[PDB]
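**Student:** Here it is, the structure, as structure tokens.
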Amino acid sequence: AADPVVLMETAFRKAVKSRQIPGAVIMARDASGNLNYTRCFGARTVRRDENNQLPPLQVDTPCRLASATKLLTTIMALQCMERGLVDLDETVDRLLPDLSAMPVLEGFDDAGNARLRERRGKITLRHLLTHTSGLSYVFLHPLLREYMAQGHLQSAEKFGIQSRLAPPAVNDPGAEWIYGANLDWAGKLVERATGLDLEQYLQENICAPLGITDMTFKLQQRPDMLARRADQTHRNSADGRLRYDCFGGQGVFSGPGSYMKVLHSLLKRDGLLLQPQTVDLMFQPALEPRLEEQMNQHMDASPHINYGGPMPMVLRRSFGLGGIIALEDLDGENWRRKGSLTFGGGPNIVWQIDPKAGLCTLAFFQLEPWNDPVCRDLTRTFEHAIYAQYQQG
């Protein structure tokens, strides 16, 4: 093992032992197939089992991907796009009339009543995949905040409208980049285009092709793996110490080893689940120029959120179909290169595909909250290390 890679590995092992993290599964791969690094650290929980030892996590251990599910759904949409069932620029309302029926919430008046408007513009699958549907998540936007305060979301029950799909848009399509629920609609679009719920579609069009068996939405229906799942860990603000704790877009449980397989096929054009042309698209910076600027501005101004994760807080980025795209070079030839596409999920799960560097890496944790200092620091120095040993050794 390389000078950086051994220092890195023991630096993880240090963090597990000094109770800073519970554990981590980390993984790197290259376009050749040939690079195959995969190392497990620590325990899958902090809560001791019946025998006073804590079972260790490993590549087959079931873990909540959480907000890292989105890529999978982003894939499943582009599968249908390929197969002719939809088209990126087709107005959603063919398959999602109920979405196209939703109004946009403009603002509030003085009596405080909800002020509401119909949508200028129209709304496409490309918009959804790029978080440019002009719709948002409830507790991130100040308007929806109060819409929620008034209790205008209560009424969805009457029309059988799913909780997550209920909130109104807060802008027109193509207007802003806004991290939003627009990946559960993506989930719907598929279900409706393929007459299949996305649990069935997932196994058929993603798991089967790569021979996966630990990927599922319905974990409660898998005694075999439910029993061995990873418990969630949460870190306290006071101490720094840690304590115990079917829509697309979030809520898949998978082994970290299997998630890699997916990142791999993509990296290496292998064509097993998607089609190299349409993969290239995912990596094409979708954001219009004035759009990509406001996104950068927003993301810089919100460091408490840190969509970037391990990568420099100030950076020039855009967005593609599945994640963020580093528009400039992260640190010369030492680290990620212009073109690389990263995203990640709640429990400090962070993946990235770098085509120009011929690599794809996946750091896998089960610790909340997002953007943890030790996780970020370890992820930082994880990538730094395998990038170095690999490409210059």
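Convention: chains lettered A, B, ... in structure tokens order; per-chain residue numbering from 1; ligands numbered from 1 as shown.
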Excluding residue A:262 and any residue of its chain fewer than 2 positions from it, enumerate the residues within 9 Å of it, using only C-alpha atoms, and give them as a JSON list (two decimals) with N, CA and C atoms, in the first residue's frame.

**Tutor:**
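To be explicit, this is the file written out as out.json:
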[["chain", "number", "residue", "atom", "x", "y", "z"],
["A", 72, "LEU", "N", -29.97, 6.72, -8.52],
["A", 72, "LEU", "CA", -30.68, 5.54, -9.01],
["A", 72, "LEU", "C", -31.94, 5.93, -9.79],
["A", 206, "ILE", "N", -32.00, -2.47, -12.79],
["A", 206, "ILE", "CA", -30.75, -2.02, -12.18],
["A", 206, "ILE", "C", -30.06, -3.13, -11.38],
["A", 207, "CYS", "N", -30.78, -3.78, -10.47],
["A", 207, "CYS", "CA", -30.20, -4.86, -9.66],
["A", 207, "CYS", "C", -29.85, -6.08, -10.48],
["A", 210, "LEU", "N", -26.70, -5.98, -12.86],
["A", 210, "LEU", "CA", -25.39, -5.97, -12.16],
["A", 210, "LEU", "C", -25.29, -7.07, -11.11],
["A", 258, "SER", "N", -22.69, -2.75, -3.38],
["A", 258, "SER", "CA", -23.56, -2.78, -4.54],
["A", 258, "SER", "C", -23.69, -1.41, -5.16],
["A", 259, "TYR", "N", -23.85, -0.38, -4.33],
["A", 259, "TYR", "CA", -23.88, 0.99, -4.86],
["A", 259, "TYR", "C", -22.67, 1.28, -5.75],
["A", 260, "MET", "N", -21.50, 0.79, -5.34],
["A", 260, "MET", "CA", -20.28, 0.94, -6.13],
["A", 260, "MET", "C", -20.49, 0.37, -7.53],
["A", 264, "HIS", "N", -19.61, 2.14, -10.99],
["A", 264, "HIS", "CA", -18.57, 1.56, -11.84],
["A", 264, "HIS", "C", -19.05, 1.46, -13.31],
["A", 265, "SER", "N", -20.16, 0.77, -13.53],
["A", 265, "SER", "CA", -20.67, 0.57, -14.87],
["A", 265, "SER", "C", -20.76, 1.92, -15.58],
["A", 266, "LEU", "N", -21.24, 2.93, -14.88],
["A", 266, "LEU", "CA", -21.31, 4.27, -15.43],
["A", 266, "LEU", "C", -19.94, 4.78, -15.80],
["A", 267, "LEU", "N", -19.01, 4.75, -14.85],
["A", 267, "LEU", "CA", -17.66, 5.28, -15.07],
["A", 267, "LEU", "C", -17.08, 4.72, -16.35],
["A", 273, "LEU", "N", -26.46, -0.81, -17.81],
["A", 273, "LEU", "CA", -27.72, -0.24, -17.33],
["A", 273, "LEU", "C", -28.14, 1.05, -18.05]]

**Student:** Point out the residue among A:363, A:386, A:212, A:378 with the least atom-to-atom distance to residue A:20, counting only C-alpha atoms.

**Tutor:**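 Answer, going by the shortest atom-to-atom distance: A:378.
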
**Student:** Using only C-alpha atoms, which of A:169, A:357, A:78, A:326 sits nearest residue A:181?

**Tutor:** A:169

**Student:** Of the candidates A:175, A:85, A:54, A:360, which one gets nearest to residue A:123 if we count only C-alpha atoms?

**Tutor:** A:175

**Student:** Show me, as a ChimeraX atom specification, the residues that have an atom within 10 Å of residue A:91 when counting only C-alpha atoms, minus same-chain residues fewer than 2 positions from it.

**Tutor:** /A:86-89,93-97,100,122-127

**Student:** What are the closest atom pairs, with distances in Å to one decimal, for all residues of stretch 26-116 of chain A lying within 12 Å of stretch 141-150 of chain A? Consider only C-alpha atoms, order rows by chain and residue number, and present the result as JSON lines.

**Tutor:**
{"residue": "A:104", "atom": "CA", "partner": "A:144", "partner_atom": "CA", "distance": 10.6}
{"residue": "A:105", "atom": "CA", "partner": "A:143", "partner_atom": "CA", "distance": 7.7}
{"residue": "A:106", "atom": "CA", "partner": "A:143", "partner_atom": "CA", "distance": 8.3}
{"residue": "A:107", "atom": "CA", "partner": "A:143", "partner_atom": "CA", "distance": 6.6}
{"residue": "A:108", "atom": "CA", "partner": "A:143", "partner_atom": "CA", "distance": 7.9}
{"residue": "A:109", "atom": "CA", "partner": "A:143", "partner_atom": "CA", "distance": 11.6}
{"residue": "A:111", "atom": "CA", "partner": "A:150", "partner_atom": "CA", "distance": 11.6}
{"residue": "A:112", "atom": "CA", "partner": "A:150", "partner_atom": "CA", "distance": 8.6}
{"residue": "A:113", "atom": "CA", "partner": "A:150", "partner_atom": "CA", "distance": 8.3}
{"residue": "A:114", "atom": "CA", "partner": "A:147", "partner_atom": "CA", "distance": 6.9}
{"residue": "A:115", "atom": "CA", "partner": "A:147", "partner_atom": "CA", "distance": 9.8}
{"residue": "A:116", "atom": "CA", "partner": "A:147", "partner_atom": "CA", "distance": 10.7}

**Student:** Write to file, as a tab-separated table (two decimals), in the first residue's frame, the residues of the selection just made, with N, CA and C atoms.

**Tutor:**
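Result saved to again.tsv:
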chain	number	residue	atom	x	y	z
A	104	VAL	N	-48.02	27.74	-8.50
A	104	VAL	CA	-46.81	28.28	-7.89
A	104	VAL	C	-47.26	29.26	-6.80
A	105	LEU	N	-46.66	29.16	-5.62
A	105	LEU	CA	-46.97	30.07	-4.52
A	105	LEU	C	-46.17	31.35	-4.68
A	106	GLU	N	-46.85	32.47	-4.89
A	106	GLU	CA	-46.17	33.74	-5.25
A	106	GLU	C	-45.67	34.47	-4.02
A	107	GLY	N	-46.55	34.56	-3.02
A	107	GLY	CA	-46.24	35.20	-1.74
A	107	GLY	C	-47.44	35.18	-0.82
A	108	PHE	N	-47.41	35.96	0.25
A	108	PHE	CA	-48.55	36.07	1.15
A	108	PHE	C	-49.03	37.52	1.23
A	109	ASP	N	-50.31	37.71	1.56
A	109	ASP	CA	-50.89	39.06	1.71
A	109	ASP	C	-50.82	39.54	3.18
A	111	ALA	N	-53.65	40.11	5.52
A	111	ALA	CA	-54.48	39.18	6.31
A	111	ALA	C	-53.76	37.81	6.45
A	112	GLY	N	-52.71	37.64	5.65
A	112	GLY	CA	-51.80	36.51	5.76
A	112	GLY	C	-52.17	35.37	4.83
A	113	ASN	N	-53.35	35.46	4.21
A	113	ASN	CA	-53.85	34.44	3.28
A	113	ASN	C	-52.82	34.06	2.21
A	114	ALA	N	-52.86	32.78	1.83
A	114	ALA	CA	-52.02	32.28	0.76
A	114	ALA	C	-52.33	33.01	-0.55
A	115	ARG	N	-51.33	33.70	-1.12
A	115	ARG	CA	-51.46	34.29	-2.46
A	115	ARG	C	-50.85	33.34	-3.51
A	116	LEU	N	-51.66	32.99	-4.51
A	116	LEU	CA	-51.37	31.82	-5.36
A	116	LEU	C	-51.49	32.19	-6.83

**Student:** Do a neighbour search on residue A:22 at 7 Å with only C-alpha atoms, toss out local chain neighbours closer than 5 positions, and write the hits as a list in words.

**Tutor:**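 Residues near the query, excluding close chain neighbours: residues 16, 42, 43, 44, 45 and 46 of chain A.
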
**Student:** I need the residue nearest residue A:348 from this list: A:67, A:236, A:36, A:58. Use only C-alpha atoms for the distance.

**Tutor:** A:67

**Student:** Find the spatial neighbours of residue A:243, counting only C-alpha atoms, within a cut-off of 12 Å - ignore same-chain residues fewer than 4 positions away - and output them as a list in words.

**Tutor:** residues 19, 20, 21, 22, 45, 46, 47, 48, 231, 232, 233, 234, 235, 236, 237, 239, 367, 368 and 369 of chain A

**Student:** Can you spit out the residues from that selection as a PDB file, in the first residue's frame, using N, CA and C atoms?

**Tutor:**
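Generated file (out.pdb):
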ATOM      1  N   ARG A  19     -13.305   6.626  19.352  1.00  0.00           N
ATOM      2  CA  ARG A  19     -14.745   6.926  19.366  1.00  0.00           C
ATOM      3  C   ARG A  19     -15.201   8.164  18.589  1.00  0.00           C
ATOM      4  N   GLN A  20     -14.397   8.631  17.648  1.00  0.00           N
ATOM      5  CA  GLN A  20     -14.806   9.762  16.836  1.00  0.00           C
ATOM      6  C   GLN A  20     -15.841   9.356  15.785  1.00  0.00           C
ATOM      7  N   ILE A  21     -15.642   8.228  15.114  1.00  0.00           N
ATOM      8  CA  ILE A  21     -16.695   7.687  14.249  1.00  0.00           C
ATOM      9  C   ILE A  21     -17.020   6.262  14.681  1.00  0.00           C
ATOM     10  N   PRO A  22     -18.194   5.751  14.273  1.00  0.00           N
ATOM     11  CA  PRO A  22     -18.525   4.367  14.559  1.00  0.00           C
ATOM     12  C   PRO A  22     -17.826   3.425  13.594  1.00  0.00           C
ATOM     13  N   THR A  45     -22.979  -0.076  14.127  1.00  0.00           N
ATOM     14  CA  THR A  45     -23.746   0.732  15.095  1.00  0.00           C
ATOM     15  C   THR A  45     -22.852   1.261  16.216  1.00  0.00           C
ATOM     16  N   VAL A  46     -23.440   2.028  17.124  1.00  0.00           N
ATOM     17  CA  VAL A  46     -22.795   2.313  18.408  1.00  0.00           C
ATOM     18  C   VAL A  46     -23.500   1.551  19.539  1.00  0.00           C
ATOM     19  N   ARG A  47     -24.667   1.003  19.218  1.00  0.00           N
ATOM     20  CA  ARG A  47     -25.480   0.266  20.174  1.00  0.00           C
ATOM     21  C   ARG A  47     -25.045  -1.188  20.231  1.00  0.00           C
ATOM     22  N   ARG A  48     -24.672  -1.639  21.418  1.00  0.00           N
ATOM     23  CA  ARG A  48     -24.138  -2.979  21.564  1.00  0.00           C
ATOM     24  C   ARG A  48     -25.254  -3.981  21.393  1.00  0.00           C
ATOM     25  N   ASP A 231     -27.564   0.358  12.076  1.00  0.00           N
ATOM     26  CA  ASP A 231     -28.298   1.353  12.851  1.00  0.00           C
ATOM     27  C   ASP A 231     -27.713   2.736  12.591  1.00  0.00           C
ATOM     28  N   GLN A 232     -28.576   3.732  12.627  1.00  0.00           N
ATOM     29  CA  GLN A 232     -28.151   5.118  12.527  1.00  0.00           C
ATOM     30  C   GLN A 232     -27.427   5.639  13.782  1.00  0.00           C
ATOM     31  N   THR A 233     -26.444   6.502  13.549  1.00  0.00           N
ATOM     32  CA  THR A 233     -25.711   7.162  14.618  1.00  0.00           C
ATOM     33  C   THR A 233     -25.904   8.643  14.463  1.00  0.00           C
ATOM     34  N   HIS A 234     -26.036   9.324  15.596  1.00  0.00           N
ATOM     35  CA  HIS A 234     -26.132  10.766  15.619  1.00  0.00           C
ATOM     36  C   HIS A 234     -25.100  11.326  16.598  1.00  0.00           C
ATOM     37  N   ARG A 235     -24.433  12.394  16.174  1.00  0.00           N
ATOM     38  CA  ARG A 235     -23.439  13.080  16.979  1.00  0.00           C
ATOM     39  C   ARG A 235     -24.075  14.295  17.701  1.00  0.00           C
ATOM     40  N   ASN A 236     -23.736  14.510  18.970  1.00  0.00           N
ATOM     41  CA  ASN A 236     -24.299  15.629  19.724  1.00  0.00           C
ATOM     42  C   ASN A 236     -23.494  16.900  19.482  1.00  0.00           C
ATOM     43  N   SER A 237     -24.193  18.038  19.505  1.00  0.00           N
ATOM     44  CA  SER A 237     -23.586  19.379  19.376  1.00  0.00           C
ATOM     45  C   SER A 237     -22.725  19.797  20.578  1.00  0.00           C
ATOM     46  N   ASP A 239     -21.076  17.763  22.891  1.00  0.00           N
ATOM     47  CA  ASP A 239     -19.900  16.929  23.121  1.00  0.00           C
ATOM     48  C   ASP A 239     -18.984  16.840  21.915  1.00  0.00           C
ATOM     49  N   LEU A 367     -23.673   8.007   9.705  1.00  0.00           N
ATOM     50  CA  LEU A 367     -23.671   8.981  10.783  1.00  0.00           C
ATOM     51  C   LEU A 367     -24.390  10.247  10.358  1.00  0.00           C
ATOM     52  N   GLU A 368     -25.268  10.755  11.233  1.00  0.00           N
ATOM     53  CA  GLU A 368     -25.927  12.053  11.053  1.00  0.00           C
ATOM     54  C   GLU A 368     -25.370  13.036  12.087  1.00  0.00           C
ATOM     55  N   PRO A 369     -25.383  14.353  11.773  1.00  0.00           N
ATOM     56  CA  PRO A 369     -25.926  14.938  10.555  1.00  0.00           C
ATOM     57  C   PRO A 369     -24.951  15.029   9.386  1.00  0.00           C
TER      58      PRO A 369
END
